[PDB]
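Below: one structure, written as structure tokens.
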Amino acid sequence: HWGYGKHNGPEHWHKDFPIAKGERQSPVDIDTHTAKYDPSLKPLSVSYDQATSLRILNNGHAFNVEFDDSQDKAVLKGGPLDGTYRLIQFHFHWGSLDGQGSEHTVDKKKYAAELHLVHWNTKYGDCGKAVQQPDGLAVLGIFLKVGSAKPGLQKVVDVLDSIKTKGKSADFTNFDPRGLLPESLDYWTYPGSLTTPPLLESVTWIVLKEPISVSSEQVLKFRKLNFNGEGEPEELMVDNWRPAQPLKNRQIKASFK
Ligand SMILES: N=Nc1ccc(S(N)(=O)=O)cc1
Ligand SMILES: [Zn+2]
């Protein structure tokens, strides 16, 4: 099945998922000179005060921190969004080296990693129904660069030894995702897709301009995870990013002048 290797990676995905060559695929390169400030964008509201984390899971492609989304507890509103989007999970994409790992790029610059906070539109009742709609999901993307440690990330980093291999999970309650945000909420936005199979074209992307800084030691611990299951030959979980896809008939809008 699909992955990030030579034999099952992004260049192969179109065979099982023909939408891979579609009209609104993600990620994309953000050309900062071509992105236009949009005054019609309303203020972006990240309301994570009552977020209730449950569990962390190695799914063989990345690790997901999962949230209780049975009520409006952690939500994203405003900006390009109509209505309320509920946080369901976050995960990261990262590289084998500090010079690659992000999915989105900014004037062709690749960051060391990218955080995706995944939200679904509550008008569709559940995330499974939402992902079948053009305005079903909103993903908040945050770049990671290597520098100073991110204190709010360390609790994630410390649990990774317990979920080394595919299918392993651990309790992960009382994690505050507000500790992963940068100071500024300036962003770019465009209509796109999931960046992994099934590549469904159901995502409003909101990509923050300001990266967060994480330490070399923090990212090195991401790179000790395994794509493989327990007892199987070790394949380090690195370079789990899809490269930039054609922008086609899309405009990237900026929230800032
Ligand atoms: N669980 N399905 C998915 C959710 C988010 C993404 S991404 N990478 O586009 O944020 C991919 C798949
Ligand atoms: Zn992602």
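By convention here, the first residue in the shown sequence is residue 1. Values below: every heavy atom of this structure, side chains too, minus hydrogens, waters and symmetry copies.
Judged as a salt bridge (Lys or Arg N to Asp or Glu O under 4.0 Å), and not counting sequence neighbours, the contacts of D72 are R86. Remark: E66 pairs with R55, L57, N64 by the side-chain contact (heavy atoms from CB on, under 4.5 Å) rule, at least two apart or across chains. Partners of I19 under the side-chain contact (heavy atoms from CB on, under 4.5 Å) rule, at least two apart in sequence or in another chain, are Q25, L199, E201. Among residues two or more places apart in sequence or in another chain, the side-chain contact (heavy atoms from CB on, under 4.5 Å) test is passed with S184 by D186, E210. Every side-chain contact (heavy atoms from CB on, under 4.5 Å) that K150 has, sequence neighbours left out, goes to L153, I212, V214, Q218.
Atom CG of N174 has 12 or fewer neighbouring heavy atoms from other residues, nucleotides or ligands inside a 6.0 Å radius. Counted within 6.0 Å of CD on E235, heavy atoms from surrounding residues, nucleotides or ligands total 12 or fewer; the atom is thus considered open.
At distances below 3.5 Å, not a single donor-acceptor pair connects side-chain atoms of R178 with backbone N or O atoms of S47. The backbone N or O of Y124 lies less than 3.5 Å from no partner atom in the side chain of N121, so there is not a single donor-acceptor pair. Side-chain N or O atoms of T34 include none that pairs as donor or acceptor with a backbone N or O of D31 at under 3.5 Å. Proximity of a side-chain donor or acceptor of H93 to a complementary backbone N or O of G101 within less than 3.5 Å is not detected. Between the side chain of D158 and the main chain of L160, no donor-acceptor pair closer than 3.5 Å is present. Side-chain atoms of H119 come within 3.5 Å of backbone atoms of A138 as a donor-acceptor pair (strictly under, hydrogens ignored). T52 places a side-chain N or O within donor-acceptor distance of the main-chain N or O of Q50, the cut-off being under 3.5 Å. Between the side chain of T122 and the backbone N or O of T84 there is at least one donor-acceptor pair closer than 3.5 Å. Side-chain atoms of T189 come within 3.5 Å of backbone atoms of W205 as a donor-acceptor pair (strictly under, hydrogens ignored).
Summarising the geometry of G22 relative to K248, their closest heavy-atom pair is O-NZ, 2.9 Å, with the distance given to 0.1 Å. In plain terms, the two heavy atoms of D82 and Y85 that are nearest each other are O-CE1, 3.6 Å. Annotation for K253 and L41: closest pair CB-CD1, 4.5 Å, computed over non-hydrogen atoms. Scanning all heavy atoms of the two residues, the minimum distance from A149 to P151 falls at O-CD, 3.4 Å. Smallest separation of non-hydrogen atoms from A51 and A74: CB-CB, 3.6 Å. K42 and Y187 get closest at one heavy-atom pair: O-OH, 4.0 Å.
A chain of hydrophobic side-chain contacts below 4.5 Å, direct or via other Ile, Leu, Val, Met, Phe, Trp or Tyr residues, connects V157 to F90. Hydrophobic clustering (side-chain heavy atoms under 4.5 Å, transitive across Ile, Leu, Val, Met, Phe, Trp, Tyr) keeps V203 apart from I206. Residues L117 and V139 fall into different hydrophobic clusters, defined by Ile, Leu, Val, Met, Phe, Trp and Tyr side chains chained together at heavy-atom separations under 4.5 Å. Both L208 and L144 are assigned to one and the same hydrophobic cluster, defined by single-linkage of ILVMFWY side chains at heavy-atom distances under 4.5 Å. Hydrophobic clustering (side-chain heavy atoms under 4.5 Å, transitive across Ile, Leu, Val, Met, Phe, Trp, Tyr) keeps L181 apart from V75.
Cluster partners of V219, by chain and number: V146. The rule joins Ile, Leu, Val, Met, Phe, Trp and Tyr whenever side-chain heavy atoms lie under 4.5 Å apart. Connectivity analysis of hydrophobic side chains (ILVMFWY, heavy atoms under 4.5 Å, direct or indirect) links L54 to nothing; its cluster partners are none. Within the hydrophobic cluster formed by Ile, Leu, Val, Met, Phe, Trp and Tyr side chains joined at under 4.5 Å, directly or through other members, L220 stands alone, with no partner residue.
A distance of 5.5 Å separates CG of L76 from CG of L44, quoted to the nearest 0.5 Å. Remark: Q89 CD to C127 SG distance equals 8.0 Å, nearest 0.5 Å. Rounding to the nearest 0.5 Å gives a distance of 12.5 Å between CG of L225 and NZ of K168. We find the CG-OG distance between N240 and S96 to be 10.0 Å, quoted to the nearest 0.5 Å. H91 contributes atom NE2, which lies 11.5 Å from atom NE2 of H61 (distance to the nearest 0.5 angstrom). Distance CG/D135 to CG/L81: 9.5 Å, rounded to 0.5 Å.
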Can I get a per-line list of side-chain donor-acceptor pairs under 3.5 Å for residues 191-198, giving both atom names and the distance, sequence neighbours left out?
{"unit_1": "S193", "atom_1": "OG", "unit_2": "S26", "atom_2": "N", "d": "2.9"}
{"unit_1": "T195", "atom_1": "OG1", "unit_2": "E103", "atom_2": "OE1", "d": "2.6"}
{"unit_1": "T195", "atom_1": "OG1", "unit_2": "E103", "atom_2": "OE2", "d": "3.4"}

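Counting heavy atoms from C-beta on, the side chains of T204 and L137 never come closer than 4.5 Å. A heavy-atom distance below 4.5 Å is not found between the side chains of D171 and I56. In this structure, the side chains of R24 and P134 come closer than 4.5 Å at one or more pairs of heavy atoms. At a threshold of 4.5 Å between non-hydrogen side-chain atoms, the residues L180 and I142 do not count as touching. Contact annotation: the side chain of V118 never approaches that of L87 to less than 4.5 Å [non-hydrogen atoms, C-beta and beyond]. A 4.5 Å side-chain heavy-atom check between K224 and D161 finds at least one atom pair inside the cut-off.
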message: Before you tell me yes or no, could you show the steps for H104 and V28 under side chain to side chain contact (heavy atoms under 4.5 Å, CB included), namely the whole-Å CA-CA distance, both residues' side-chain angles and the distance that decides it to 0.1 Å?
response: CA-CA 5 Å; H104 293 88; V28 299; 4.2 Å; yes
message: Between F172 and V156, is the side chain to side chain contact (heavy atoms under 4.5 Å, CB included) condition met? List the steps.
response: CA-CA 9 Å; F172 202 68; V156 172; 3.7 Å; yes
field: Audit row: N58, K164, side chain to side chain contact (heavy atoms under 4.5 Å, CB included) steps and yes/no
entry: CA-CA 7 Å; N58 180 333; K164 184 178 188 183; 5.8 Å; no
- request: I would like to know whether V46 and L185 meet side chain to side chain contact (heavy atoms under 4.5 Å, CB included); could you show each step before the answer?
  value: CA-CA 9 Å; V46 187; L185 296 178; 4.1 Å; yes
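Applying the ring pair (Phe, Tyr, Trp, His ring centres under 6.0 Å) definition to pairs two or more places apart or across chains, those involving residues 210-229 are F63-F222, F92-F222, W94-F222. Here side-chain hydrogen bond (donor to acceptor under 3.5 Å, both in side chains) pairs that include residues 2-13, with residues two or more places apart or in two chains, are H12-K15. Among residues at least two apart or in separate chains, ring pair (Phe, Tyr, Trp, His ring centres under 6.0 Å) pairs with a member in residues 233-257 are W188-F256.
For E234 and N226, the side-chain atoms include at least one donor-acceptor pair closer than 3.5 Å. With hydrogens and angles left out, the side-chain atoms of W120 and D69 include a donor and acceptor closer than 3.5 Å. No side-chain donor-acceptor contact under 3.5 Å links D98 and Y111.
No salt bridge links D107 with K109; every basic N to acidic carboxylate O contact stays at or beyond 4.0 Å.
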